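Participant: Okay, so here is entry_21.pdb, and as you'll see once you scroll down, it has PDB, C-alpha atoms (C1' of nucleotides) and all ligand atoms.
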ATOM      1  CA  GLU H 249      -5.092  65.370 -24.507
ATOM      2  CA  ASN H 250      -4.098  61.683 -24.190
ATOM      3  CA  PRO H 251      -3.498  60.965 -20.490
ATOM      4  CA  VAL H 252      -4.593  57.311 -20.552
ATOM      5  CA  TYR H 253      -1.866  54.661 -20.722
ATOM      6  CA  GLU H 254      -2.200  51.836 -23.232
ATOM      7  CA  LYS H 255      -1.825  48.200 -22.217
ATOM      8  CA  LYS H 256       1.457  46.690 -23.366
ATOM      9  CA  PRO H 257       1.666  43.393 -25.293
ATOM     10  CA  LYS H 258       1.601  40.419 -22.923
ATOM     11  CA  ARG H 259       3.346  38.145 -25.455
ATOM     12  CA  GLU H 260       6.359  36.461 -23.850
ATOM     13  CA  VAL H 261       8.872  33.805 -24.871
ATOM     14  CA  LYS H 262      10.041  30.555 -23.307
ATOM     15  CA  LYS H 263      12.241  30.801 -20.222
ATOM     16  CA  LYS H 264      15.721  29.346 -19.775
ATOM     17  CA  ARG H 265      17.496  28.289 -16.582
ATOM     18  CA  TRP H 266      19.696  31.373 -16.632
ATOM     19  CA  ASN H 267      20.634  31.279 -12.935
ATOM     20  CA  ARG H 268      22.354  28.326 -11.312
ATOM     21  CA  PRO H 269      20.200  26.191  -8.985
ATOM     22  CA  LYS H 270      21.163  24.942  -5.546
ATOM     23  CA  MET H 271      22.779  21.519  -5.387
ATOM     24  CA  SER H 272      20.843  19.000  -3.316
ATOM     25  CA  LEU H 273      21.973  17.353  -0.087
ATOM     26  CA  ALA H 274      23.059  14.211  -1.940
ATOM     27  CA  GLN H 275      25.215  16.264  -4.311
ATOM     28  CA  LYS H 276      26.753  18.227  -1.429
ATOM     29  CA  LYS H 277      27.552  15.019   0.460
ATOM     30  CA  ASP H 278      29.053  13.461  -2.673
ATOM     31  CA  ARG H 279      31.230  16.548  -3.156
ATOM     32  CA  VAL H 280      32.341  16.280   0.480
ATOM     33  CA  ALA H 281      33.138  12.579   0.062
ATOM     34  CA  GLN H 282      35.116  13.243  -3.125
ATOM     35  CA  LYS H 283      37.087  16.037  -1.446
ATOM     36  CA  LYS H 284      37.829  13.711   1.477
ATOM     37  CA  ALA H 285      38.847  10.734  -0.669
ATOM     38  CA  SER H 286      40.959  12.576  -3.256
ATOM     39  CA  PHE H 287      43.060  14.315  -0.576
ATOM     40  CA  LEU H 288      44.735  11.261   0.974
ATOM     41  CA  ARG H 289      45.910  10.015  -2.427
ATOM     42  CA  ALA H 290      47.899  13.225  -2.954
ATOM     43  CA  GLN H 291      49.975  12.789   0.199
ATOM     44  CA  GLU H 292      50.239   9.040  -0.453
ATOM     45  CA  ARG H 293      51.712   9.711  -3.900
ATOM     46  CA  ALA H 294      53.999  12.431  -2.528
ATOM     47  CA  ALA H 295      55.264   9.993   0.115
ATOM     48  CA  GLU H 296      55.786   7.013  -2.201
ATOM     49  CA  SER H 297      57.410   9.276  -4.818
TER      50      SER H 297
ATOM     51  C1'   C K   1     -58.588 -39.601  42.817
ATOM     52  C1'   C K   2     -59.532 -39.128  48.067
ATOM     53  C1'   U K   3     -62.767 -38.158  52.258
ATOM     54  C1'   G K   4     -71.757 -33.803  50.081
ATOM     55  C1'   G K   5     -66.828 -31.670  50.335
ATOM     56  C1'   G K   6     -61.549 -31.432  49.038
ATOM     57  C1'   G K   7     -57.498 -32.332  45.105
ATOM     58  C1'   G K   8     -55.916 -33.052  39.896
ATOM     59  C1'   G K   9     -56.353 -33.445  34.228
ATOM     60  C1'   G K  10     -58.338 -32.336  28.734
ATOM     61  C1'   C K  11     -61.396 -28.585  25.972
ATOM     62  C1'   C K  12     -59.820 -23.235  22.112
ATOM     63  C1'   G K  13     -58.825 -24.102  17.282
ATOM     64  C1'   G K  14     -55.678 -21.158  14.730
ATOM     65  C1'   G K  15     -50.921 -17.837  14.677
ATOM     66  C1'   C K  16     -45.249 -16.845  16.297
ATOM     67  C1'   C K  17     -40.719 -18.663  18.406
ATOM     68  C1'   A K  18     -38.157 -22.850  19.336
ATOM     69  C1'   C K  19     -36.035 -28.893  20.391
ATOM     70  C1'   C K  20     -33.981 -32.602  14.575
ATOM     71  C1'   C K  21     -33.278 -31.872   8.542
ATOM     72  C1'   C K  22     -31.695 -27.013   3.070
ATOM     73  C1'   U K  23     -31.272 -20.899   1.263
ATOM     74  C1'   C K  24     -30.945 -14.622   0.738
ATOM     75  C1'   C K  25     -28.894  -9.561   3.184
ATOM     76  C1'   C K  26     -26.404  -6.424   6.635
ATOM     77  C1'   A K  27     -22.390  -5.226  11.263
ATOM     78  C1'   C K  28     -18.175  -7.667  13.216
ATOM     79  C1'   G K  29     -13.076 -11.478  12.910
ATOM     80  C1'   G K  30      -9.141 -13.711   9.905
ATOM     81  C1'   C K  31      -6.896 -15.634   5.487
ATOM     82  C1'   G K  32      -6.181 -16.117   0.263
ATOM     83  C1'   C K  33      -6.972 -13.967  -4.974
ATOM     84  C1'   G K  34      -7.646  -8.941  -8.819
ATOM     85  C1'   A K  35      -8.738  -3.785  -9.933
ATOM     86  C1'   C K  36      -7.960   2.322  -8.192
ATOM     87  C1'   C K  37      -4.721   6.398  -5.337
ATOM     88  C1'   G K  38      -0.051   8.194  -2.730
ATOM     89  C1'   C K  39       4.887   7.308  -1.538
ATOM     90  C1'   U K  40       8.663   4.226  -1.995
ATOM     91  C1'   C K  41      12.320  -0.075   0.341
ATOM     92  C1'   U K  42      15.336  -5.713   1.545
ATOM     93  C1'   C K  43      14.683  -9.508  -3.297
ATOM     94  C1'   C K  44      18.619  -8.473  -8.519
ATOM     95  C1'   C K  45      23.747  -8.450 -10.273
ATOM     96  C1'   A K  46      29.348  -8.379 -11.996
ATOM     97  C1'   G K  47      29.703 -11.824   1.468
ATOM     98  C1'   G K  48      31.302  -6.361   0.075
ATOM     99  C1'   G K  49      29.533  -2.868  -3.269
ATOM    100  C1'   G K  50      26.046  -0.895  -7.008
ATOM    101  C1'   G K  51      20.229   1.432  -3.890
ATOM    102  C1'   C K  52      14.641   1.541  -4.981
ATOM    103  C1'   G K  53      16.874  -0.288 -10.527
ATOM    104  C1'   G K  54      17.054  -0.599 -16.759
ATOM    105  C1'   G K  55      16.766   2.619 -21.207
ATOM    106  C1'   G K  56      16.093   7.142 -23.919
ATOM    107  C1'   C K  57      15.330  12.549 -24.823
ATOM    108  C1'   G K  58      18.258  17.335 -22.645
ATOM    109  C1'   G K  59      20.457  20.381 -19.026
ATOM    110  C1'   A K  60      23.315  21.420 -14.801
ATOM    111  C1'   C K  61      27.134  20.218 -11.375
ATOM    112  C1'   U K  62      31.710  17.947  -8.382
ATOM    113  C1'   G K  63      37.344  16.629  -7.708
ATOM    114  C1'   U K  64      44.897  20.215  -2.925
ATOM    115  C1'   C K  65      42.943  17.821  -9.647
ATOM    116  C1'   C K  66      44.200   9.024 -10.899
ATOM    117  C1'   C K  67      41.207  13.246 -17.754
ATOM    118  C1'   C K  68      39.170   9.803 -15.812
ATOM    119  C1'   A K  69      35.744   8.941 -11.898
ATOM    120  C1'   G K  70      31.062  10.264  -9.354
ATOM    121  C1'   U K  71      26.083  12.591  -7.550
ATOM    122  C1'   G K  72      21.211  15.479  -8.247
ATOM    123  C1'   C K  73      17.236  17.710 -11.393
ATOM    124  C1'   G K  74      12.854  17.994 -16.015
ATOM    125  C1'   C K  75      10.033  14.390 -19.147
ATOM    126  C1'   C K  76       8.668   9.451 -21.122
ATOM    127  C1'   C K  77       8.193   3.499 -21.093
ATOM    128  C1'   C K  78       9.164  -0.838 -17.836
ATOM    129  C1'   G K  79      10.827  -3.624 -12.893
ATOM    130  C1'   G K  80       9.642  -3.985  -7.129
TER     131        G K  80
HETATM  132 MG    MG X   1     -15.906  -8.603   5.796
END
Written as structure tokens, how would this file's structure read?
Ligand SMILES: [Mg+2]
Facilitator:
Amino acid sequence: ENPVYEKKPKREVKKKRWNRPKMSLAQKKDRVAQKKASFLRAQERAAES
RNA sequence: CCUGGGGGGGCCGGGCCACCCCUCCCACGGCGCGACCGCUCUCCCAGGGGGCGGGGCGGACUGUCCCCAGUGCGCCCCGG
């Protein structure tokens, strides 16, 4: 008797950045530089201590 | 003018260009001064370093781990 399908409400809400974005090349290179620089200090402290 | 013939000159004005004396517009060449669009780097500072910088509104992220230090992204107003 009622085969037709009604159109659902299109009303939506604002979107949030739910998923993490990719870090840029500058951020990746800064992470690499930090990992390189903060490694030598560990062995330096272990040697002088 | 020369020996009837031979040789040469002016008329025929007016109009255009141009030899000497001032302006207007296009195409091309360079320089200086302002506006519009896009993207951005040396001058600046406590040589090196901070790279395109200052501030704010918010979020996210990094460290064989000095709990402090450091880098992107969204928007807005300035600097170059
Ligand atoms: Mg010109």
Participant: Quick one: residues within 10 Å of ligand MG 1 (chain X), with all atoms listed in the file, as a VMD selection string?
Facilitator: chain K and resid 27 to 30
Participant: So that I have them on file, write out the residues from the current selection with C-alpha atoms (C1' of nucleotides), as a PDB file, in the coordinates of the input.
Facilitator:
ATOM      1  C1'   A K  27     -22.390  -5.226  11.263  1.00  0.00           C
ATOM      2  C1'   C K  28     -18.175  -7.667  13.216  1.00  0.00           C
ATOM      3  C1'   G K  29     -13.076 -11.478  12.910  1.00  0.00           C
ATOM      4  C1'   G K  30      -9.141 -13.711   9.905  1.00  0.00           C
TER       5        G K  30
END
Participant: Would you translate the PyMOL selection byres (((chain K and resi 62) around 8) and not hetatm) into the concrete set of residues it matches in this file, as a PyMOL selection string?
Facilitator: (chain H and resi 275+278-279+282) or (chain K and resi 61+63+70-71)
Participant: So which residues get picked by the PyMOL selection byres (((chain K and resi 64) around 8) and not hetatm) here, written as a list in words?
Facilitator: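 Expected selection for the PyMOL selection byres (((chain K and resi 64) around 8) and not hetatm) here is residues 287 and 290 of chain H; 65 of chain K.
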Participant: From the set H:250, H:297, H:272, H:291, which residue has the shortest atom-to-atom contact distance to chain K, counting only C-alpha atoms (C1' of nucleotides)?
Facilitator: H:272
Participant: Which residues are near residue 53 of chain K? Cut-off 12 Å, only C-alpha atoms (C1' of nucleotides), ignore same chain within fewer than 5 positions. Put them as a PyMOL selection string.
Facilitator: chain K and resi 41+43-45+78-80
Participant: Give the padded box for segment 14-17 of chain K as AutoDock Vina command-line options: axis-aligned, covering all atoms listed in the file, 8 Å on each side, centre and edge lengths in Å to one decimal.
Facilitator:
--center_x -48.2 --center_y -19.0 --center_z 16.5 --size_x 31.0 --size_y 20.3 --size_z 19.7
Participant: As an exercise, work out the distance from atom CA of residue 288 of chain H to atom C1' of residue 72 of chain K in Å and give it to one decimal place.
Facilitator: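 Distance between the two atoms: 25.6 Å.
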Participant: Just checking: using all atoms listed in the file, which residue out of K:66, K:35, K:76, K:21 ends up closest to chain H?
Facilitator: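 Using all atoms listed in the file, the shortest distance to chain H belongs to K:66.
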Participant: Under the PyMOL selection byres (((chain H and resi 269) around 12) and not hetatm), which residues of this model are included? Write them out as number ranges by chain.
Facilitator: H: 265-268, 270-272; K: 59-61, 72-73
Participant: Go ahead and compute the interatomic distance for atom CA of residue 260 of chain H and atom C1' of residue 57 of chain K, in Å to one decimal.
Facilitator: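 It comes out at 25.6 Å.
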Participant: Just checking: using only C-alpha atoms (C1' of nucleotides), which residue out of H:252, H:281, H:274, H:293 ends up closest to chain K?
Facilitator: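 Going through H:252, H:281, H:274, H:293 one by one, the smallest distance to chain K is for H:274.
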Participant: Between atom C1' of residue 54 of chain K and atom CA of residue 276 of chain H, what distance in Å does the model show, to one decimal?
Facilitator: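 Taking atom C1' of residue 54 of chain K and atom CA of residue 276 of chain H, their separation equals 26.1 Å.
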Participant: Given the choices K:39, K:2, K:24, K:69, which gets closest to chain H if the distance is worked out from all atoms listed in the file?
Facilitator: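 Once distances to chain H are computed over all atoms listed in the file, the minimum belongs to K:69.
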